[PDB]
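As C-alpha cells, the structure follows; a few thoughts come after it.
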Amino acid sequence: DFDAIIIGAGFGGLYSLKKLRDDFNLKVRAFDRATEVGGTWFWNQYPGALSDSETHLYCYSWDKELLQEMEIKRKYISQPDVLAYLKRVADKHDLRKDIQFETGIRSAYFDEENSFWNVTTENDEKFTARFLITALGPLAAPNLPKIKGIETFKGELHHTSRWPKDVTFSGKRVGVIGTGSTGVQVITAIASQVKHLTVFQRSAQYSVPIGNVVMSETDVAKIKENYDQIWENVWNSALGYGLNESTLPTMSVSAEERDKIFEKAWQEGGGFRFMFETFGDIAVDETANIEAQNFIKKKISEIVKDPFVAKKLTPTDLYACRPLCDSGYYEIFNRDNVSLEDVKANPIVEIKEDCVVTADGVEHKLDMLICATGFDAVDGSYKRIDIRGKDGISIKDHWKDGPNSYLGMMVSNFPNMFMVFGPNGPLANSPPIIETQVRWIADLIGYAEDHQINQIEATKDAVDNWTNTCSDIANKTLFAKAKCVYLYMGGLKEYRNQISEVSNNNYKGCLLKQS
Ligand SMILES: Cc1cc2nc3c(=O)[nH]c(=O)nc-3n(C[C@H](O)[C@H](O)[C@H](O)COP(=O)(O)OP(=O)(O)OC[C@H]3O[C@@H](n4cnc5c(N)ncnc54)[C@H](O)[C@@H]3O)c2cc1C
Ligand SMILES: NC(=O)c1ccc[n+]([C@@H]2O[C@H](COP(=O)([O-])OP(=O)(O)OC[C@H]3O[C@@H](n4cnc5c(N)ncnc54)[C@H](O)[C@@H]3O)[C@@H](O)[C@H]2O)c1
C-alpha cells in the first residue's frame, strides 16, 4: 500500500515525490522505465540538445540553496548539464531510494470499493495506492516516418529520441529527415563534422538566433544577487521566460523603429522574445504576424547567399506561430558539403540498402540516416497505459475524441487522478508550470488527509467549462488558423489565479466523497 504512486521520474515526477514524501510525510513510490532520473533529459541525448529557456530559469525555484549553488556556464543549458542538475536534485534530497527504475507501468485500474488504484508494472507486479500522480511529460512515442524500404537500410539508423552512444560523424555521408527544433539542433551540430549532409525538409519553418553565449562570473553574480527577484516576475508573467512581455502594437509605429525592435530581439535571441518581447499583437493581429515573418524572411535572404536555397528555406504559410531557436542554422546551408532537398515537392518514395530515393529518382547515398521526425501528442503518453477508472472505462475511450481535463490536471470518470504537465495546460515555461501544479495537487491531497476524504473526482461539467475557457482564449489568436492537442493560453499568472479560484472556493467542480 502507498498514499501515492508516481509515474515518471523527470521534472514533474521528481518534485511530486519530494512534495508528497518530505513536505507531507506520505508513503510514496515513483516508477520510471528509465534507469536514472531526468525524463526526456535522460532519453534525448542527440547532438545539440538544448533548452528553449535560459539556464537561470530552467530549474527549480523552491530550493534556494540550489539556486545559489547552481552552475550557470552558458545562457542556455545543454542536455548533459540538465541531467547533472536533476541528478544533483536527486542526490541532495535522497529521492532515488523511493524510485524503482527499469520498471514500466502496464495498467492502472481504479478500485471503486476501497477507493484506490491498481497499478500493475510490466514485471507482472502490482501495487495499491489511494492517489496516482501521473508525470509523463509532453513527449510521447517517437513518430517515425512511414517510408518504403526502411528495413533495408544497411547503414546507421537513429531516431533522435533513441540516440545511441559513441556515434562518430567524420568522413560519413549523413542524412537528416525533419526540420523542427530537434532537426535544427542536430543539423547545426553535425554539418561541420560530416563529409556531406543532406537535409530532407518537408516543411520549412521560421527560426531565430538563440544567442547561447558563455556566462561570466559577473553575469552569474548579477543573477544570483537578484534571484528572489527573477522568480517573482515569473509568477507575474504569462510565459515565465523572464521576458519583458510587451503590449505595444506592431503597426502603431514607423517602419524604421519596427525594424529596430525586431533587430534588438534578433541580437539578444530567443523564439519567445522575438514574438512577445518585441510587440504584443504578433499572435493575434494578421498584419502584425506578417511583419514579423518578413523580418525573418529578409534575414534568411541576407544569410543564405544562394537565392534558390534561400527560397527553399523560406516558409510558405500565411500565418506563423512560435518560431524555432538555432545556433547558426541558416548559416549551415552556405557550405560546400550541405544539400537542401525540398521533400514536399520531391518526396521520398523508397530508401534502398545504401541510399534514399526521392520522387525524381535520384538516389541519395547515405552512410547514416538520422530521424528527427518528432513524436505524438501528450494523450499518447496516457493512451499507451491501460488506465481504467469508473465503469472500467479506459483512458483511450474517454479521450477518443481528443483530450480534455479540469485545470489541466484531473479527468472526469478517473477519480484520485492528478496530472502533472497534462493536456489543456498553460503555454509557458515548463518548470514554473510543473511547480505550480505539484503545489496545487499536493495541497489538495493535504486537504484530503485532514478532512478525512478518500475519493476526489472532477465533474464532467467542470472539464467542459475548462475546455470552453480554453477555446475562448484560443480563438482570440491566430493559433487556430496556423500550425497549432489543446492548450490554455491565458498565461501563467492567469492560470495561477484560475486554479486558486478553485482551491479557495472549496474546490468547486470537484466531487468530494467521505468515508
Ligand atoms: C531537448 C529538449 C529541450 C526542451 N526544452 C524545454 C524548454 O526550454 N522549456 C520548456 O518549457 N520545455 C522544454 N522541453 C519539454 C520537456 O518535456 C519539459 O522539460 C518537460 O516538463 C519534462 O518534464 P516531465 O518530467 O514532466 O516530462 P518527462 O521528462 O518526459 O517525464 C516523463 C517520464 O515518465 C516516464 N514514463 C512515461 N510513461 C511511463 C510508464 N508507462 N511506465 C514507466 N515510466 C513511464 C518516462 O520514462 C519519462 O522518463 C524540452 C524537451 C526537450 C526534449
Ligand atoms: N527546447 C527546445 O529547444 C526543444 C528541443 C527539442 C524539442 N522541443 C519540443 O519537442 C517537440 C519535438 O519537436 P521536434 O523538433 O522533434 O520536431 P516537431 O515535433 O516540431 O516536428 C517534427 C519535424 O519533422 C518533420 N517531419 C515529420 N514527418 C516527416 C516526414 N514523413 N517526412 C519528412 N519530414 C517530416 C516535420 O517537418 C517537423 O518539422 C517540439 O514540439 C518542441 O517544442 C523543444
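Just so we're on the same page: first chain in the C-alpha cells is A, next is B, and so on; residues restart at 1 for each chain, and ligands are numbered from 1 in the order they show up.
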Item checked: Expected answer as a ChimeraX atom specification: residues within 7 Å of ligand 2, only C-alpha atoms and all ligand atoms -> /A:49-53,139,145-146,177-183,200-204,325,343,372-375
For the selection just defined, write its residues with C-alpha atoms to a file, as an mmCIF file, in the first residue's frame.
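Heads up, here's the output in selection-v4.cif:
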```cif
data_model
loop_
_atom_site.group_PDB
_atom_site.id
_atom_site.type_symbol
_atom_site.label_atom_id
_atom_site.label_comp_id
_atom_site.auth_asym_id
_atom_site.auth_seq_id
_atom_site.Cartn_x
_atom_site.Cartn_y
_atom_site.Cartn_z
ATOM 1 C CA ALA A 49 20.020 19.074 -27.431
ATOM 2 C CA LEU A 50 19.400 22.423 -25.759
ATOM 3 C CA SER A 51 16.648 24.123 -23.782
ATOM 4 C CA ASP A 52 14.320 26.804 -25.114
ATOM 5 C CA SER A 53 14.512 28.570 -21.739
ATOM 6 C CA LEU A 139 6.736 13.981 -25.445
ATOM 7 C CA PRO A 145 8.210 8.090 -40.944
ATOM 8 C CA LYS A 146 6.301 5.526 -42.988
ATOM 9 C CA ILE A 177 14.849 13.985 -42.030
ATOM 10 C CA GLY A 178 12.917 16.666 -40.171
ATOM 11 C CA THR A 179 13.462 20.397 -39.711
ATOM 12 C CA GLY A 180 11.912 21.046 -36.304
ATOM 13 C CA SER A 181 13.599 22.187 -33.119
ATOM 14 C CA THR A 182 15.216 18.753 -32.838
ATOM 15 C CA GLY A 183 16.197 18.602 -36.506
ATOM 16 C CA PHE A 200 15.123 16.329 -46.226
ATOM 17 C CA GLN A 201 12.817 19.263 -45.456
ATOM 18 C CA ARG A 202 9.090 18.535 -45.632
ATOM 19 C CA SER A 203 8.045 21.982 -44.358
ATOM 20 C CA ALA A 204 10.308 24.969 -43.784
ATOM 21 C CA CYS A 325 15.717 28.839 -31.960
ATOM 22 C CA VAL A 343 10.872 16.853 -49.833
ATOM 23 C CA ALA A 372 14.359 13.921 -36.271
ATOM 24 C CA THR A 373 10.678 13.432 -37.092
ATOM 25 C CA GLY A 374 9.124 14.303 -33.730
ATOM 26 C CA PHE A 375 6.696 12.389 -31.552
#
```
Would you mind listing, for every residue of chain A within 6 Å of ligand 1, the two atoms forming the shortest contact and the distance between them in Å to one decimal, using only C-alpha atoms and all ligand atoms, sorted by chain and ascending residue number, as CSV?
```
residue,atom,partner,partner_atom_place_in_ligand_line,distance
A:7,CA,ligand 1,44 (N),5.6
A:8,CA,ligand 1,34 (O),3.3
A:9,CA,ligand 1,33 (C),5.4
A:10,CA,ligand 1,25 (O),3.1
A:11,CA,ligand 1,25 (O),3.6
A:12,CA,ligand 1,26 (O),4.2
A:13,CA,ligand 1,25 (O),5.6
A:31,CA,ligand 1,43 (C),5.6
A:32,CA,ligand 1,44 (N),3.5
A:33,CA,ligand 1,43 (C),4.3
A:34,CA,ligand 1,47 (O),5.2
A:38,CA,ligand 1,29 (O),5.8
A:39,CA,ligand 1,29 (O),3.1
A:40,CA,ligand 1,29 (O),4.0
A:44,CA,ligand 1,53 (C),5.8
A:49,CA,ligand 1,1 (C),4.5
A:50,CA,ligand 1,1 (C),5.0
A:51,CA,ligand 1,5 (N),3.7
A:52,CA,ligand 1,8 (O),3.1
A:53,CA,ligand 1,8 (O),3.8
A:103,CA,ligand 1,43 (C),5.8
A:104,CA,ligand 1,42 (N),3.3
A:105,CA,ligand 1,42 (N),3.8
A:106,CA,ligand 1,41 (N),6.0
A:135,CA,ligand 1,26 (O),5.2
A:136,CA,ligand 1,32 (C),3.8
A:137,CA,ligand 1,27 (O),3.1
A:138,CA,ligand 1,17 (O),5.3
A:139,CA,ligand 1,30 (O),5.7
A:385,CA,ligand 1,41 (N),5.6
A:421,CA,ligand 1,26 (O),5.6
A:429,CA,ligand 1,11 (O),3.7
A:430,CA,ligand 1,11 (O),3.4
```
Item checked: Spatial neighbours of residue 484 (chain A), 10 Å, only C-alpha atoms, chain gap at least 5 places, as a ChimeraX atom specification -> /A:320-322,478-479
Margin query: Which residues are close to residue 4 (chain A), i.e. within 8 Å by only C-alpha atoms, leaving aside same-chain residues fewer than 2 positions away? Reply as a list in words.
Written below: residues 2, 6, 20, 26, 27, 28, 29, 129, 130, 131, 132 and 133 of chain A
Item checked: For residue 213 (chain A): contacts at 8 Å, only C-alpha atoms, fewer than 6 positions along chain excluded, given as a list in words -> residues 74, 75 and 76 of chain A
Next item on the list: Can you pull out every residue within 7 Å of residue 487 (chain A), counting only C-alpha atoms, but drop anything in the same chain fewer than 2 positions away, and send it as a ChimeraX atom specification?
Entry: /A:423-427,470,489
Deliver the residues from the most recent selection as a file, using C-alpha atoms, as an mmCIF file, in the first residue's frame.
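Now in selection_33.cif:
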```
data_model
loop_
_atom_site.group_PDB
_atom_site.id
_atom_site.type_symbol
_atom_site.label_atom_id
_atom_site.label_comp_id
_atom_site.auth_asym_id
_atom_site.auth_seq_id
_atom_site.Cartn_x
_atom_site.Cartn_y
_atom_site.Cartn_z
ATOM 1 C CA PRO A 423 -3.275 18.273 -21.501
ATOM 2 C CA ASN A 424 -5.150 21.583 -21.580
ATOM 3 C CA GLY A 425 -2.386 23.185 -19.538
ATOM 4 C CA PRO A 426 -0.848 26.640 -19.857
ATOM 5 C CA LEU A 427 1.550 27.684 -22.600
ATOM 6 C CA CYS A 470 -9.528 27.326 -23.345
ATOM 7 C CA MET A 489 -3.454 30.357 -23.469
#
```
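Counting from CA of residue 467 (chain A), the distance to CA of residue 397 (chain A) is 17.8 Å.
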Would you list the contacts of residue 165 (chain A) as a PDB file with N, CA and C atoms, in the first residue's frame, taking every protein, DNA or RNA residue within 12 Å and counting only C-alpha atoms, but skipping same-chain residues closer than 3 positions in sequence?
```pdb
ATOM      1  N   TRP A  43      16.482  10.548 -21.817  1.00  0.00           N
ATOM      2  CA  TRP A  43      16.244   9.802 -23.047  1.00  0.00           C
ATOM      3  C   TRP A  43      16.858  10.490 -24.261  1.00  0.00           C
ATOM      4  N   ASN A  44      16.729  11.812 -24.352  1.00  0.00           N
ATOM      5  CA  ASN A  44      17.124  12.569 -25.539  1.00  0.00           C
ATOM      6  C   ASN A  44      18.536  13.108 -25.336  1.00  0.00           C
ATOM      7  N   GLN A  45      19.515  12.456 -25.958  1.00  0.00           N
ATOM      8  CA  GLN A  45      20.910  12.877 -25.899  1.00  0.00           C
ATOM      9  C   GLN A  45      21.482  13.038 -27.301  1.00  0.00           C
ATOM     10  N   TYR A  46      20.668  13.541 -28.226  1.00  0.00           N
ATOM     11  CA  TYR A  46      21.124  13.771 -29.585  1.00  0.00           C
ATOM     12  C   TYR A  46      22.055  14.983 -29.631  1.00  0.00           C
ATOM     13  N   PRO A  47      22.868  15.101 -30.683  1.00  0.00           N
ATOM     14  CA  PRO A  47      23.777  16.252 -30.780  1.00  0.00           C
ATOM     15  C   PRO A  47      23.013  17.567 -30.843  1.00  0.00           C
ATOM     16  N   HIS A 158      19.200   6.100 -36.826  1.00  0.00           N
ATOM     17  CA  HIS A 158      18.951   6.627 -35.491  1.00  0.00           C
ATOM     18  C   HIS A 158      17.791   7.606 -35.525  1.00  0.00           C
ATOM     19  N   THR A 160      16.141  10.519 -33.112  1.00  0.00           N
ATOM     20  CA  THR A 160      16.761  11.398 -32.127  1.00  0.00           C
ATOM     21  C   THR A 160      16.348  11.069 -30.698  1.00  0.00           C
ATOM     22  N   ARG A 162      16.070   8.001 -29.461  1.00  0.00           N
ATOM     23  CA  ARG A 162      16.889   6.881 -29.018  1.00  0.00           C
ATOM     24  C   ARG A 162      18.316   7.031 -29.526  1.00  0.00           C
ATOM     25  N   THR A 168      30.082   8.439 -34.266  1.00  0.00           N
ATOM     26  CA  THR A 168      31.095   9.244 -34.930  1.00  0.00           C
ATOM     27  C   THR A 168      30.559   9.764 -36.259  1.00  0.00           C
TER      28      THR A 168
END
```
